[PDB]
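Residue numbers start from 1 in every chain, and the chains themselves are labelled A, B, ... in the order their sequence lines are given, proteins ahead of strands. As a basis for the values below, the full set of heavy atoms in this structure was taken, side chains included, without hydrogen atoms, waters or symmetry mates.
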12 protein chains.
Amino acid sequence: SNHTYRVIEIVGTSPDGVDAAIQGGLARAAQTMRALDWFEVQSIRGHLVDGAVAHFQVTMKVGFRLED
Amino acid sequence: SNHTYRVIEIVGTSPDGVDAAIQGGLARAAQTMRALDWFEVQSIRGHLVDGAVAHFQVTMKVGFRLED
Amino acid sequence: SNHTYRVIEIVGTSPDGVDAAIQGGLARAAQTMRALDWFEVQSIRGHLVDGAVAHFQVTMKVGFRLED
Amino acid sequence: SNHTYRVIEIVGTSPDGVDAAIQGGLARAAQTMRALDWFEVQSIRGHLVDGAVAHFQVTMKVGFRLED
Amino acid sequence: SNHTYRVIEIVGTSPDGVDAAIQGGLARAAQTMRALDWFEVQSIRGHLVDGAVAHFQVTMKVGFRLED
Amino acid sequence: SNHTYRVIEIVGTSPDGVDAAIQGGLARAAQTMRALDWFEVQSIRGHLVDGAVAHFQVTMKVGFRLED
Amino acid sequence: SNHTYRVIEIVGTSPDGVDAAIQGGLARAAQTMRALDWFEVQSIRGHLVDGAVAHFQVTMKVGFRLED
Amino acid sequence: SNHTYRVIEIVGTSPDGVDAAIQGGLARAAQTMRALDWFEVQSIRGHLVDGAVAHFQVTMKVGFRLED
Amino acid sequence: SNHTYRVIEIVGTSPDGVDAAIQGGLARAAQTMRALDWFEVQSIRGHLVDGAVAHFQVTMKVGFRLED
Amino acid sequence: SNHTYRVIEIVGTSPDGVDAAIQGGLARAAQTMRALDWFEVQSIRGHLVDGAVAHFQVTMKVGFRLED
Amino acid sequence: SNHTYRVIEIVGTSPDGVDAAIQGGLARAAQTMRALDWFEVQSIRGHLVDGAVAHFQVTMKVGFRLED
Amino acid sequence: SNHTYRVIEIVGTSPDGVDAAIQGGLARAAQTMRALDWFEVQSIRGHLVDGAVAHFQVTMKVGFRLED
Ligand SMILES: Cc1cc2nc3c(=O)[nH]c(=O)nc-3n(C[C@H](O)[C@H](O)[C@H](O)COP(=O)(O)O)c2cc1C
Ligand SMILES: Cc1cc2nc3c(=O)[nH]c(=O)nc-3n(C[C@H](O)[C@H](O)[C@H](O)COP(=O)(O)O)c2cc1C
Ligand SMILES: Cc1cc2nc3c(=O)[nH]c(=O)nc-3n(C[C@H](O)[C@H](O)[C@H](O)COP(=O)(O)O)c2cc1C
Ligand SMILES: Cc1cc2nc3c(=O)[nH]c(=O)nc-3n(C[C@H](O)[C@H](O)[C@H](O)COP(=O)(O)O)c2cc1C
Ligand SMILES: Cc1cc2nc3c(=O)[nH]c(=O)nc-3n(C[C@H](O)[C@H](O)[C@H](O)COP(=O)(O)O)c2cc1C
Ligand SMILES: Cc1cc2nc3c(=O)[nH]c(=O)nc-3n(C[C@H](O)[C@H](O)[C@H](O)COP(=O)(O)O)c2cc1C
Ligand SMILES: Cc1cc2nc3c(=O)[nH]c(=O)nc-3n(C[C@H](O)[C@H](O)[C@H](O)COP(=O)(O)O)c2cc1C
Ligand SMILES: Cc1cc2nc3c(=O)[nH]c(=O)nc-3n(C[C@H](O)[C@H](O)[C@H](O)COP(=O)(O)O)c2cc1C
Ligand SMILES: Cc1cc2nc3c(=O)[nH]c(=O)nc-3n(C[C@H](O)[C@H](O)[C@H](O)COP(=O)(O)O)c2cc1C
Ligand SMILES: Cc1cc2nc3c(=O)[nH]c(=O)nc-3n(C[C@H](O)[C@H](O)[C@H](O)COP(=O)(O)O)c2cc1C
Ligand SMILES: Cc1cc2nc3c(=O)[nH]c(=O)nc-3n(C[C@H](O)[C@H](O)[C@H](O)COP(=O)(O)O)c2cc1C
Ligand SMILES: Cc1cc2nc3c(=O)[nH]c(=O)nc-3n(C[C@H](O)[C@H](O)[C@H](O)COP(=O)(O)O)c2cc1C
Ligand SMILES: [Cl-]
Ligand SMILES: [Cl-]
Ligand SMILES: [Cl-]
Ligand SMILES: [Cl-]
């Protein structure tokens, strides 16, 4: 058949960098979403506290296949 | 913990301007959503009728914290 | 009243071109969403197999009116 | 029939803010254009004099239906 | 000589897809503008009614040579 | 002479809307910068608390003439 | 292994519309290239002659897998 | 009063470079438009013939004050 | 009160990757700036020497609260 | 002399994150290209399998000096 | 060591074209700044008086190395 | 027939300005590519040495007709 996908936007966070934030966001998404297929980073930001990075914040679009 | 956020897109409307459209959209969003944290305006448009602005239409991304 | 809209993102697919992909995606969306009002194409991509287009993939934002 | 629209670009101005600049620009546009249907804000700028905003300047695309 | 061009923006519409909307818009443009040379699609949108595409709406920039 | 300008980026805030945030940011800028000439809005965001807008946050580029 | 891809840019053309231009460009690309995997449309333009579309011109990025 | 501006798009051309193309386009514009105030370059392109630049082509937005 | 922020642009560098470049840039910024609040990555580039990455170069906007 | 550069686009991949994908892509590029000088990340995407990141995919522009 | 750069934004002006505006802006910047390394043009605009270009205005980002 | 074009990216350089950089890049391209048809400037940058512009660097897309 011709599949249809849905694309949602999430932000993963971690003090431990860009990869960790990506992985953390996607891990949360996978808990309650099915048929995840791809992601696309929209932005990399972070929150600073006392001059240090408290959290990296990576905004992602996440695409998944819609069930019939 | 490391929080994960979800970002949805809504359009608020009002005949009474940009601020009123923002506030209206966000008020509707708050009724059913929880843990709203930020918004970002994507566009400001409007519908014209008889040469006057019938509604300002303000598209926003709205970020909220996901529950575990 | 002043209506509020929600805008989601979907990808329609078809081997039979851009229009067919748009129509297919929107047809799937219409099965489970109500009060669809507009769409906006975000991108036109496709997957190639053996040098031929296997599927056109058209990403759309789709706006609909929120119920009270 | 299948309508065709024309989209022009104007800048509305006012010392009294974004909404006033939008409304002012559109009011001028309505005097000499017919069948105005929508607008889209392109930018919000302003001119400063003696440290104060002398005019808000709101650039808009304005769409209208072409007559046959 | 060194030619100068003017670029206007129009929206073509059709229920019958992207190509039909492009062709329709350009056909209307050709009736009252001369020396049309090129177009560039700016966006592909559409209006939905009862879950179906009522009109594809294709916004184009259209360039033409200015007469002396 | 041929003037040179410098362009800085600031964020004005206010609970009372976009215009108030713009005006507040620019008022602060005017206290310590001279020869302010123009501004350009880069983004309109805000912070939400208990479902309400606590502050509108308007990011602006601000241009001023450099002294010799 | 971890694959590496190369992305080139081509323009397909046809008087017969967007899909035909895409297909034509990709067919030419396939003649000399191997392991084509995806495309992404960058722009849709066209050349006008005597008020009619002489060619649709569809610029695409085309990704393919690099051989070792 | 609060002035309203109109912004049109033109392309100036010259074999003799970017400045010459800008100046040429604007000179043509000035012949039939009044109260020209500013321009903004949108793109710099050119046509190549026998490996040489036949014309630089500079697309500009041109803003002018609307008369009452 | 209603706070005002200033946003500057810096480039952090490191041979040891994106996170290291971010952290390095921000560490330098913190030495001579106060009340750092957030950053936003603008670009990730790098310099190549003998086919290897000599430095990752991460351009960031950095926002901080202005003192009264 | 005045050097001329060529800029190509590649996608590096790795299951082990953004830096690893960058390094992998560039290592492949260096095998068959000479005088590599810089890169610029265009996008960070990835493929998901069973809810996990199978590969990070980092699209880069890569600039190199052309030989005479 | 790993250098950190700062990037500021300036506008150079000249009646004598794009190159002259660039050179003028950068010459002013060099008078008070140290370790200038690169620039990137952001926009080319100009002010028109009596139908002629009074000043070309070239906005640049200018990067320089921060001292320890 | 329906022609297909290929679009490559090059950077021309010169100490003598934007036009000279464009012309230099294109002259180098013409030595080893055939059927050059158009260019589009992507960016204007430069390298600064001792406070002066050592080279203007103009990145261009260059389109050419593919042979059968
Ligand atoms: C324009 C703007 C953008 C911001 N972006 C972020 C962000 O990306 N991540 C984040 O954690 N906080 C962000 N913030 C919140 C700030 O980091 C900070 O927590 C807030 O402004 C309060 O700071 P203050 O106590 O110095 O006033 C942003 C604030 C503003 C005004
Ligand atoms: C390209 C395009 C963009 C539009 N954008 C908006 C919009 O932002 N807000 C809105 O209310 N209507 C929008 N519309 C709908 C028009 O405002 C209008 O209601 C519709 O085209 C019917 O107008 P007509 O009766 O003159 O044909 C848009 C229509 C087109 C074709
Ligand atoms: C940067 C990038 C973008 C891609 N975009 C698409 C796409 O738009 N549509 C699609 O079906 N596949 C897309 N893919 C997946 C590829 O088409 C392909 O299926 C995958 O990379 C495996 O190809 P390979 O077996 O040659 O390694 C993309 C892959 C990469 C790396
Ligand atoms: C890059 C640039 C952008 C400008 N944008 C605006 C604008 O948006 N609105 C406006 O009224 N003036 C704008 N101006 C004009 C300035 O506000 C100002 O009136 C002009 O540069 C003269 O200022 P000076 O006397 O300090 O040299 C702009 C000028 C430059 C150089
Ligand atoms: C942000 C926005 C964008 C819109 N874009 C379009 C469009 O591209 N084409 C169109 O025909 N109508 C457009 N519309 C109008 C809607 O399709 C719809 O006709 C209008 O909002 C009334 O819908 P409702 O009766 O559900 O409130 C737009 C409306 C909004 C708010
Ligand atoms: C991607 C992102 C963007 C943000 N943008 C803003 C902003 O524009 N303004 C602001 O005040 N805070 C911004 N924040 C901070 C949030 O509003 C919020 O204060 C912070 O994430 C803590 O929320 P939590 O306690 O629900 O985890 C941003 C945060 C993230 C992750
Ligand atoms: C800014 C600009 C953009 C153009 N884009 C296209 C294009 O996308 N496709 C095309 O075939 N020709 C394009 N052209 C070429 C024109 O369509 C036309 O063939 C050329 O300008 C000569 O027209 P003239 O004889 O009216 O001067 C472009 C020309 C200019 C100046
Ligand atoms: C995607 C595209 C963009 C073009 N842009 C321009 C342009 O900016 N200026 C111009 O004079 N011609 C432009 N053209 C027209 C070409 O320069 C050329 O005149 C036309 O494609 C015929 O070339 P051919 O005889 O090699 O097929 C463009 C053509 C295409 C397909
Ligand atoms: C368009 C362009 C972009 C460049 N971007 C970067 C960069 O992001 N980081 C960097 O270290 N050098 C950058 N450079 C400098 C080059 O990496 C290189 O050091 C310089 O061009 C000299 O190289 P060559 O000796 O091969 O001529 C750039 C150069 C050009 C022309
Ligand atoms: C719009 C779109 C974008 C995609 N982007 C990527 C990508 O960046 N990387 C990738 O490996 N695959 C990409 N793909 C391919 C998907 O990840 C997936 O492999 C393909 O759609 C088949 O999934 P399905 O079996 O659930 O239908 C993309 C597909 C679509 C439709
Ligand atoms: C949207 C907008 C953009 C402008 N951009 C520029 C600019 O780039 N450079 C400049 O010198 N002036 C700029 N101006 C100022 C105008 O050129 C002009 O000096 C001002 O609007 C007063 O013109 P008027 O007397 O016709 O009302 C801009 C004005 C507006 C409204
Ligand atoms: C973010 C970034 C962008 C750069 N862009 C350019 C460029 O466009 N052209 C160029 O010649 N060099 C470019 N460079 C290289 C610098 O001009 C400079 O040669 C290099 O960073 C070494 O400078 P330093 O000795 O002060 O550390 C860039 C460097 C960075 C970090
Ligand atoms: Cl959503
Ligand atoms: Cl127009
Ligand atoms: Cl290439
Ligand atoms: Cl600054």
Side-chain angles (χ1 to χ4, degrees), chain A residues 5-14 17-30 33 36-47 53 55-64, chain B residues 2-10 36-43 59-66, chain C residues 6-11 40-43 45 57 59-62, chain F residues 42-46 57 59, chain G residues 40 42 61, chain I residues 7 18-19 22 38-45 58-63, chain J residues 11 17-19 21-22 40-48 53 55-61:
Chain A
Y5 307 79
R6 173 99 176 260
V7 187
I8 63 165
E9 189 171 332
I10 63 168
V11 186
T13 73
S14 177
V18 170
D19 287 347
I22 288 169
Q23 294 279 18
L26 293 171
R28 174 58 186 77
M33 304 167 69
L36 298 187
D37 274 338
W38 82 92
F39 72 93
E40 178 199 357
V41 174
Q42 306 299 292
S43 64
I44 302 166
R45 300 169 75 97
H47 181 41
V53 182
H55 287 91
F56 294 73
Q57 299 158 333
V58 181
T59 301
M60 297 169 277
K61 283 186 172 178
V62 181
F64 63 92
Chain B
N2 297 134
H3 300 340
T4 303
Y5 306 79
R6 173 99 176 261
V7 186
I8 61 165
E9 189 171 331
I10 63 169
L36 297 188
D37 275 338
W38 81 91
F39 72 93
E40 178 199 358
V41 173
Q42 307 299 293
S43 65
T59 301
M60 297 169 277
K61 282 185 173 178
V62 181
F64 63 91
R65 194 218 289 118
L66 288 176
Chain C
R6 172 100 175 261
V7 185
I8 62 165
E9 190 172 331
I10 63 168
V11 187
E40 178 199 357
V41 173
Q42 307 299 292
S43 64
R45 300 168 75 96
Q57 300 158 333
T59 300
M60 297 169 278
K61 284 185 172 178
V62 181
Chain F
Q42 307 299 292
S43 64
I44 302 166
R45 300 168 75 96
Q57 300 158 333
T59 300
Chain G
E40 178 199 358
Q42 307 299 293
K61 282 185 173 178
Chain I
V7 187
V18 170
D19 287 347
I22 288 169
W38 82 92
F39 72 93
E40 178 199 357
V41 174
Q42 306 299 292
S43 64
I44 302 166
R45 300 169 75 97
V58 181
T59 301
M60 297 169 277
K61 283 186 172 178
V62 181
Chain J
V11 186
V18 170
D19 287 347
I22 288 169
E40 178 199 357
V41 174
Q42 306 299 292
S43 64
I44 302 166
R45 300 169 75 97
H47 181 41
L48 306 169
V53 182
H55 287 91
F56 294 73
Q57 299 158 333
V58 181
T59 301
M60 297 169 277
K61 283 186 172 178

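- Considering only residues two or more places apart in sequence or on other chains, A:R45 meets the side-chain hydrogen bond (donor to acceptor under 3.5 Å, both in side chains) condition with none of them.
- Once rounded to the nearest 0.5 Å, the distance linking CD1 of A:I22 with CD1 of A:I44 reads 6.5 Å.
- Expressed to the nearest 0.5 Å, how far NE2 of A:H47 lies from OG1 of A:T13 amounts to 11.0 Å.
- In terms of the side-chain contact (heavy atoms from CB on, under 4.5 Å) criterion, residue partners of C:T59 (sequence neighbours excluded) are, by chain and number, C:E9, C:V11, C:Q42, C:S43.
- The two atoms that bring J:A21 and J:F56 nearest to each other are CB-O, 3.9 Å, heavy atoms only.
- Taking all atoms of both residues into account, the shortest heavy-atom contact from B:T4 to A:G24 is OG1-O, 4.1 Å.
- Residues A:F39 and J:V53 are in side-chain contact: their nearest non-hydrogen atoms beyond the backbone lie under 4.5 Å apart.
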Tell me, with the steps shown, if A:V7 and A:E40 meet side-chain contact (heavy atoms from CB on, under 4.5 Å). CA-CA 10 Å; A:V7 187; A:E40 178 199 357; over 6 Å; no
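- Here the side chains of B:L66 and A:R28 are in contact, with some heavy-atom distance below 4.5 Å.
- Partners of B:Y5 according to the ring-ring contact (aromatic ring centres under 6.0 Å, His included) rule, which considers only residues two or more places apart in sequence or in another chain, are B:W38.
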Please assess A:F64 against J:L48 for the test side-chain contact (heavy atoms from CB on, under 4.5 Å), listing each intermediate value before the final yes or no. CA-CA 9 Å; A:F64 63 92; J:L48 306 169; over 6 Å; no
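- Not one N or O on the side chain of B:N2 forms a donor-acceptor pair closer than 3.5 Å with the backbone of A:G12.
- Shortest non-hydrogen contact noted between A:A29 and A:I10 is CB-CD1, 4.0 Å.
- Residue J:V18 comes nearest to A:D19 through the heavy atom pair N-OD1, 2.9 Å, listed as atom of the first residue, atom of the second, then distance.
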